[PDB]
Each structure stands twice: as C-alpha cells, then as structure tokens.
C-alpha cells in the first residue's frame, strides 16, 4: 500500500476580532470559523510513525490567532491568502495550504435612527465564505461564496413544458411559489501570490455585494420559467460585471410548498386561483446546480 493523498490540520477554529477607532469611539467586530489543512512531505507520519514532519494541529490553531492579531481579517480573501502563504513560506516540507473561512454576520444596531458605536445583531444565518488554496509554485486559487440566503416569492414562477412519460404525475403550472436557499460561488482568476491578491483587495467586497444584489434582484424580477432559467440569468450578470471571475456556480434547492385540497370539507375552495393555505414540505426537495463560465 501507498499514501496517494494526505491532508491534516485544524477545523472549527472560532475567531473574534474587534477594531476600536480612538477618534470616533466606533468599534467594529468580525467573527469567523476557520479551517486550515496542510499537504506536503508528510507521508512518513502515516507509514513510519514519524511525527517529526507534523506541524501539530494545536500549533496551526495558535498560528490562526497570531495571524489574526497581526493582520487585517477583512476582506476574508486577503486574510485566507496571508494565512495560507504563511505555512508554505515557514515550513520547507509543506507545499499546499487549504484555508476555509466562514464569516458570521454582526450587523451594527440602529437605535433611535442612529448607528450604535458598539452594539450588533445577528441579522440572519446568511454566511460569506472563502476557500483559499495556496500551492507552492502554482499561486493562490480563491473561491468566494455566499450561502444560507433564504428567499421566497409567492407568484411569478411557472413550470410547464417538461418531459411527460409513464413516470410523470406533476401537473404543469403557470403560477407557483418559489423558495430556495441560495449557495453562490465565484471563482477568481489564479493569483501569482500575495502581492497580486493585495493589488485587487477593493474588488473582493464589491464583487460579494454585486453577487448578492444580482441574486436578489433577478430572483424578485424574473418571471421564472424554471429554477434552471432564473439561476443562469444570475450567473450571466455576475460574469458580465467582474472580469477577474472565471466561473460562477449556483446550487439551489427547490423548497416545495404544496396546495391543500379542502374540497372534501363543505366544498371549501383552496386550489389554483383560490389557493391561500399551503403545506411547506420539509423533504424531499429539488436540487438544481450549474456552473457558468466564459465562451
């Protein structure tokens, strides 16, 4: 037997950082969950019980807190690139670092119409994520994402003209509920190293904001022919607005809301045009994916 692939490190490292402006008194908080996995010349830890090649996972955890102390933690694309670069520069035998960051929302509170200097609310479990792969001699590959964005529209969704055969019971419809949890990933052009990531820093927050805005507006305004057709329109607009993105990937569940036939009870009308009360279905769910790139 041989080791074909190996990676190890620390998962679920919770980090909070506060920035205090001495001038204004305004405080800004950042909270993330970090995972760092390393690869390199470590096979002998598996095959020969040779721990001399292991950077302890406890040390990786210490490194994350030290790196957060000495560097900006925003945008997460930059923090992840700094953290990944650290390992491949510090350790001769480590050739790849894989950094995953989940950013949690702490939104400044408005009290009496004024932004509060040091009070925050978690307005939704929506996340902003980054996956950073730092590979010796191959640069920095960054995938940015938003996830956990849960939306619903109560009309202006259709689904008709699909394949009908002896397995088909679904009725065609010209008016349904559409609800999903949005997972959207944009993959950046390969960066040569940290200097190039630093040169593009302003584009990271702006592209996240554009991806979010395009997703919400397209969902709200599209008279949707299908999840497939609406998600393609989203991906096409993101690629049009940011030339440094190579691909956009959406993964969308179709969270079903079923009509309830109440006609058995006193002829109550609750289907088609008369549908008011629906049963949200926990499972099963449609799952629709696509990856859109340049011609």
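Positions refer to the first chain, counted from 1.
Colleague: According to the deposited model, is the average Cα temperature factor higher in 197-205 or in 112-120?
Modeller: In the deposited entry, the stretch with the higher C-alpha B-factor mean is 112-120.
Colleague: Mean CA B-factor: is it higher for 282-290 or for 15-23?
Modeller: The stretch with the larger mean CA B-factor is 15-23.
Colleague: Determine which member of 261, 31, 58, 249 has the highest CA B-factor, using the values in the deposited entry.
Modeller: When the deposited C-alpha B-factors of 261, 31, 58, 249 are compared, 261 is largest.
Colleague: Taking the Cα B-factors listed in the entry, which of 227, 38, 239, 68 comes out highest?
Modeller: Among 227, 38, 239, 68, the PDB entry lists the largest C-alpha B-factor for 239.
Colleague: Which third of the chain does residue 74 land in by C-alpha B-factor: lowest, middle or highest?
Modeller: According to the entry, residue 74 has a C-alpha B-factor in the chain's middle third.
Colleague: Lowest, middle or highest third of the chain for the C-alpha temperature factor of residue 91?
Modeller: Highest third, going by the recorded CA B-factors of the chain.
Colleague: Considering every modelled residue of the chain and its Cα B-factor in the PDB entry, is residue 133 in the lowest, middle or highest third?
Modeller: Lowest third, going by the recorded CA B-factors of the chain.
Colleague: Looking at the entry's B-factor column for C-alpha atoms only, identify whether residue 97 ranks in the lowest, middle or highest third of its chain.
Modeller: Middle third by C-alpha B-factor.
Colleague: Grab the CA temperature factor for residue 62 from the record and place it in the lowest, middle or highest third of its chain.
Modeller: Answer is lowest: the recorded C-alpha B-factor places it there.
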